[PDB]
Amino acid sequence: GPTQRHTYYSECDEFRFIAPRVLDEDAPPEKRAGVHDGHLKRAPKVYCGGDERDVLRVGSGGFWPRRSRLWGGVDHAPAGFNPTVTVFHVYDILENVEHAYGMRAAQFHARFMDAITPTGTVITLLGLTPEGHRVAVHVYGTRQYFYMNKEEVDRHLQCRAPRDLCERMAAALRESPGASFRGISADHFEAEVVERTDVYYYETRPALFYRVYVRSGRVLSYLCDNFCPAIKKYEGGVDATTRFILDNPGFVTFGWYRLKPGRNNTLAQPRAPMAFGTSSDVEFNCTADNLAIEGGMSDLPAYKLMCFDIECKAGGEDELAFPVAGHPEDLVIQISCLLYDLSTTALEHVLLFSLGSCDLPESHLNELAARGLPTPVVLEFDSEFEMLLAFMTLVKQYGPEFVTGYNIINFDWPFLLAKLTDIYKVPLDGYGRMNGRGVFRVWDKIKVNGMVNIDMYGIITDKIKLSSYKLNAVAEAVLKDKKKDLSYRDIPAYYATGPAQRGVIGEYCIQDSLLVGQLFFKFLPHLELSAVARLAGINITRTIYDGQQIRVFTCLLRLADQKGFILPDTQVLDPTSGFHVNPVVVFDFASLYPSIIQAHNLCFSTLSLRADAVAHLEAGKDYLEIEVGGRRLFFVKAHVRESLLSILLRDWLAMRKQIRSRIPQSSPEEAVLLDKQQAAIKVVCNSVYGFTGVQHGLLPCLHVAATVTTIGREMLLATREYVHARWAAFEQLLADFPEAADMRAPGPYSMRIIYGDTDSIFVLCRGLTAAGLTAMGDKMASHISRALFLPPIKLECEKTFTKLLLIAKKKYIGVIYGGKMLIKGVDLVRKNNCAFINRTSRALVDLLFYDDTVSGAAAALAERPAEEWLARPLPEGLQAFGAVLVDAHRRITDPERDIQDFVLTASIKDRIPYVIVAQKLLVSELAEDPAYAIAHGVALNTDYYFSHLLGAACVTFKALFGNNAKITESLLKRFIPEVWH
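Regarding how it was determined, this PDB entry cites X-ray crystallography in its header, along with a resolution of 2.68 Å.

As annotated in the PDB entry, the protein chain carries the name DNA polymerase and is attributed to Human herpesvirus 1. The Subunit comment attached to the protein chain in UniProt states, word for word, "Forms a complex with the ssDNA-binding protein UL29, the DNA polymerase processivity factor, and the alkaline exonuclease. Interacts with the putative helicase-primase complex subunit UL8; this interaction may coordinate leading and lagging strand DNA synthesis at the replication fork (By similarity)." On record in UniProt, under Sequence similarities, the comment for the protein chain is "Belongs to the DNA polymerase type-B family."

1. Considerations on the pattern of salt bridges
Tallied over the entire structure, the rule returns 37 salt bridges. Note that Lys-41 is salt-bridged to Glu-14, the shortest N-O span being 3.3 Å. Within this pair, whereas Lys-41 is found in strand β2 (residues 35-41), its partner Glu-14 is found in strand β1 (residues 14-20), the two being separated by 27 residues in sequence. Put simply, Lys-463 and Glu-528 hold a salt bridge, and the shortest N to O gap is 2.5 Å. Of this pair, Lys-463 sits in the loop between α9 (456-460) and α10 (471-477) while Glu-528 sits in helix α13 (residues 525-536); the two residues are 65 residues apart in sequence, bridging distant segments of the chain. Residue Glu-528 is classed as partly exposed on the basis of its relative accessible area of 22%. Overlapping salt bridges bring together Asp-239, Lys-447, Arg-542 and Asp-546 as one network.

2. Quick notes on the domain arrangement of the protein chain
As assigned here, the protein chain comprises domain 1 (14-81), domain 2 (82-303 + 525-571), domain 3 (304-524), domain 4 (572-637 + 697-827), domain 5 (638-696) and domain 6 (828-981). For domain 3 versus domain 5, the separation of C-alpha centres amounts to 37 Å.

3. What about the sheet that holds strand β10 (residues 144-149)?
In spatial order, the strands read β13-β10-β12-β11-β26; together these five strands make up an open sheet with mixed pairing. Since the sheet does not close on itself, it has two edges, and those belong to β13 (233-234) and β26 (565-566), each with one partner. Relative to strand β12 (residues 207-214), β10 runs antiparallel, the two being bridged by six bridges. Bridge assignment links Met-148 to a residue of β12, and that residue is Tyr-210. Along the sheet face, helix α3 (residues 162-175) touches β10, β11 (190-198) and β12 and points at about 100° away from the line of β11.

4. Let's talk about the environment of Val-199
By the secondary structure assignment, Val-199 is in the loop between β11 and β12. In this structure the C-alpha to C-alpha distance between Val-199 and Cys-307, which are 108 residues apart in sequence, comes to 45 Å. Other than its neighbours up to four places away in sequence, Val-199 contacts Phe-565, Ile-566, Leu-567, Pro-568, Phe-604, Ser-605, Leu-644 and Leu-699.

5. A short note on the packing of aromatic side chains
As enumerated under the stated definition, the model contains 45 aromatic pairs in all. Note on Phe-411 and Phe-415: the rings are 5.6 Å apart at their centroids and 40° apart in plane angle, and the pair reads as tilted. Of the two residues, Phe-411 and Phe-415 are both situated in helix α8 (residues 408-423); the distance of four residues between them amounts to about one turn of the helix. In this structure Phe-415 comes out as buried when scored by relative accessible area, which is 5%. One aromatic cluster is present, formed by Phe-308, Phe-353, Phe-381, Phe-391, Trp-413 and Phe-440 through successive ring pairs. If you follow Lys-233 out to its NZ or CZ, it ends over the ring of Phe-146, 4.3 Å from the centre.

6. Structural notes on the sheet that holds strand β8 (residues 120-128)
In space, the seven strands of this open sheet follow the order β15-β16-β9-β8-β7-β14-β17, with mixed pairing throughout. Each end of this open sheet is capped by a strand with a single partner; those strands are β15 (269-270) and β17 (291-293). The pairing of β8 with strand β9 (residues 134-140) spans six bridges and is classified as antiparallel. Counted as the bridge partner of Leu-128 is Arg-134 from β9.

7. Some details on the pairing of strand β7 (residues 87-98)
Within a regular strand, the side chains alternate between the two sheet faces. Counting buried positions over the 12 residues of β7 gives nine, a clear majority of the element. With four bridges connecting them, β7 and strand β14 (residues 255-259) associate as antiparallel partners. When the sheet's bridge partners are listed, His-89 is paired in β14 with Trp-256. Here β7 pairs with β8 via nine bridges, running antiparallel. Along β8, the bridge assignment pairs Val-90 with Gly-127.

8. Looking at unusual backbone geometry
We note that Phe-181 has phi near 30°; this positive angle belongs to a residue other than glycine. Note on placement: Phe-181 falls in the loop between α3 and β11. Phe-181 gets classed as exposed once you look at its relative accessible area, which sits at 64%. With a phi close to 55°, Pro-792 is a non-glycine residue in the positive phi region. Mapping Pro-792 onto the fold places it in the loop between α20 (773-788) and β34 (794-808). Since its relative accessible area comes to 32%, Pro-792 is described here as partly exposed.

Procedures and definitions
- Residues numbered from 1 in each chain as written, not as in the entry; some residues may be left out.
- Heavy atoms only, no water.
- Residues with missing side-chain atoms left out of burial classes, pairs and counts.
- UniProt positions renumbered as here; feature names shortened; annotations may be inferred.
- Salt bridge = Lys/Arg side-chain N within 4 Å of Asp/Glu carboxyl O.
- Helix = DSSP H or I, 4+ residues; strand = E, 2+ residues; numbered from the N terminus.
- Buried < 20%, exposed > 50% of the residue type's maximum accessible area, 1.4 Å probe, protein only.
- Domains from an automatic or database assignment.
- Pairing = 2+ DSSP bridges.
- Contact = heavy atoms within 4.5 Å.
- Axes fitted to C-alpha atoms, helices over the stretch in contact; angles between N-to-C directions.
- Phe/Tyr/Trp six-rings, centres within 6.5 Å; stacked < 30°, edge-to-face > 60°.
- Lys NZ or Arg CZ within 6 Å of the ring centre and 35° of its normal.

Shown next as structure tokens:
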């Protein structure tokens, strides 16, 4: 009997039986709606072919593939099976507490038991061997630690003598009635004095601190919140995995390893099957010295990818209601489950789980064989519970270390777990890799121990930009592929028809995962993630869910301690609105914030609020010097003290550039892995800025973020300053850039910056062609960059606007020389508005951009304040703009056969099309079915539709009149007769 219990189900004799009554064919006309919801006493069953079987049996003729040694008490390994392990790969790491007493009957060598006596944290390395064998290697020995000021503590209690301290902490822990679990001993702690320095400030001098080790995070946590009343505490937030990686040089979170002898030729101990803590084929106890990095050896082992996607159906009153997991009537009816070799890429298994009989189409089956793909295996069931258990039984038994699909984090996994926990009261702590007590939860964002979930939806929202992110949509843009035959509203209808129509549902389900697969092996996300994990020193599962600061803290921590630091704990030239007929050039700085940090030596360690005790070294040379926020600040440079961030980033930039110089002289396969790394360094570098300015995150320092803000500003003001001085005349520009020869346009020449924002400047170029300006702009930026700023800082050129409506602040419309329209901080469309108001509103903005007469006339408006155009007539070039509004009025009034164009719709609801019609004096009580209007020759409501077009035009083209909506309203009125106002 396992020394630690298996909490997943290896038997159920009874359970909650829920199934749609349609499934009954012994079925009167009336008894076929809704759902059965009762208790049934019998084992859960699977059907596959004419065959059946208990869902929880392992042995003979099992319907689905397993990778499982132990199944609730029985060892299913071949009598003989005893492989030896040397090298093995690691994809995931767990932290758990083990207690010596609970493990007595496990057959563990005393060095291990020693490590967990009252208690101890065990770090379990998860992965597999070259042969495919599933491994869990249990690292004993790692303790978490944290620091506290010696003399400060030594005074406020009182006792240098390191045992006195430990006793006082053990005595602190008794008094909390929160499970001291009789850990009221001075021996559950070691406390050593070391010299060190709080990272903050230039002045701060090395003090003496107590390093104190602890046996469990449980303990550490309490002492954070309680032992430190006034006393300052350092690196208490640092988990055991991260101590295990950082204190063992070279060690990684994702890599190959080998076990070897240690200190006194100590050897890793294989575990007896009955003390396995996970579902792996082999397990071992060891300490860090029994482990070594196995560099050179690099190839991904045969780990598996499960790719699934679920389909549901609504019960209750209205079967076209979107399904809700909390409803017992609203059932998961099918799950598409695909199993790949992740090292190979091959699709090994196609499984479809199905509530009710399901007969896949012959056509879909022909298409699978024809593509050299596995024949699907259809598992069918009478109830939702039987099918959910089956799926979860497969999730435990096959144990895909990797899992994927589309929106599975947002819809699929939440739906299925809501059902498992709430409706069926099944516990999940045992269904991951651990046999019990493991994490298996979704939040608002899922965490399943020993399972790396990568959701393709988010990956795709991260590489490609689109109008839509639906799969069939995504499948047509990215895989250039076309399939379009399903809608959640059709499911019920089809479900009720019979087993063939359920097959169709199953087809589109399998095909859905097929496409998601094809995408995962297109974008190889796990490899972007491994690389970050591998680089940041963190578990792969935290490279996705856990955000920003995590990826950077760890590295900051390693460096910080090298240096002998400790980390404390939780304790007016922007736009003048107007239109532009001359080209506008857009300069951007590349990774501005990180390049500032590095160039200007900015760190926790190098800043100060004091002028004194600053080595009194000297201003200018040794000092940065800034009027930051409230007051004056100072930052030392890389000769006096070099910044910890600075170092992180420089090292990462030198790494990227040395990796990038290699991409072309390596193999195709070597280049695919260097690209992922080269991109990983970029994900991590773009993080360091953010890391600084989280006011309640780990190591904030708002006075670095804010100095970077104010340096960002100065730099672009300098770029402004420069361009105006240097390029005021075309002659100097021709001397720097001889190709300007063929760029001189008719006008007078003038180069002026018009918009400044975060990291980009807009430069209006009179007398120049839009034609070669993007290429000349690179050079300009290169030139500027090489002339004004310190390395990494790099200004570049993206983009020339042939024409530009500069509305405001962060709001503009432009056509891009050589491209499309770009619209920022506005839309010219509304899903809610009728076609006609949208099409015309749009036609207007196109006249302004694409009609050269309207474009000059629009430009000329800028030569004159809004109010002065009220006095005088608008420039004639706008005749065509007015022709469009006039024209729209006529579109409405006339017996004009397209009423459809004026239809509004604001399930049952919206969908009812209507139109607003002419005539107490009524208020949109003049809705009407369209057909009725037509059939009765009813006029549309001129005043209504037109005033909506006038309003929309008015908000889009205020810019031509300094954003005064009033003046705009008045001037566009001149283009239409007053009797139509």
